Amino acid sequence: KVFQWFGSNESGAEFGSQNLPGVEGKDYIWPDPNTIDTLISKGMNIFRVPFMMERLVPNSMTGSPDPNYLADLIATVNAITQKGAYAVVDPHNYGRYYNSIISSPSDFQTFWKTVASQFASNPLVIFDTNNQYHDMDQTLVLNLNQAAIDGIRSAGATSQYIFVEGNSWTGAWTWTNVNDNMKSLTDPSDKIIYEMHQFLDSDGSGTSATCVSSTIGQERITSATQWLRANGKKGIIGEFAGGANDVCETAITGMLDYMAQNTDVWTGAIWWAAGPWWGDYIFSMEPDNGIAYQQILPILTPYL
């Protein structure tokens, strides 16, 4: 394979986020192991699983898990790792809990000890401290990532990689402008990976199928690449997408071709997104009829 990791997000458990706790099968749904198997057979080896902190550990993040939501997270993780692929456990929470900024590193560390304890023996689990920190204090983002690492390792989960995320929605293109302080994170296992996201539409929000230009992806990750190299760090693109059109196709392959010549720092890339409730979503990687599964996956072949 070209990269250490190449795969897809498996979205759904974080859906309908305005309904807390919400109802499984009505507001949210978990990934389908059968279609995960199909993506595994195509050569993908990493699957990132968004979920809501409030659904896994309700009311207070220092409390006990919700049995039913945890049982389905466990089932999803095991469905991925039993085959030999990596499962990224992603509290898809934007640095916020019940829509308030998480300002207690100690509370966050307890949450992460609770979560890591469920997976501590599984070396194919990857812990992702939180999805897309944004519009919050830059020192707090550093300290939350460090508290997560401390909680994870305190649970005896020492074999696993930890994906840390930065401010500005962990964007690659904005990384050096705001996230330099993230270089000081420490891990006794030395398995920190800096997870950045990069979309290709004009404002980088990943909501339009139109890409700025055929080179916009490779352009948007060059300064992040040099930041990783200058600081002796490793990175991954944890979310990326583009529409099913010629300009985006070229932007996607140009970005991945650049990463492929910079694997001293880039460990790989994760598409946004697959999952069973995307329907006609412009970026759906869900077999067998998602638009990206049909029209984008053929151009990802050389990286599988």
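Heads up: residue numbers just count along the shown sequence, starting at 1.
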Between 87 to 95 and 71 to 79, the record assigns the higher mean Cα B factor to 71 to 79
The stretch carrying the higher mean Cα B factor in the deposited entry, 160 to 168 or 208 to 216, is 208 to 216
Based on the PDB entry, the highest CA temperature factor among the options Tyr258, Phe47, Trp278, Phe51 is that of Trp278
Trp272: CA temperature factor from the record, placed by chain third, in the middle
Binned into thirds over the chain's modelled residues, the C-alpha B-factor of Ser106 lands in the highest
Temperature factor at the Cα of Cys248, chain-ranked in thirds, falls in the highest
Split the chain's modelled residues into thirds by Cα B-factor; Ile36 lands in the highest
The third of the chain into which the C-alpha temperature factor of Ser223 falls is the middle
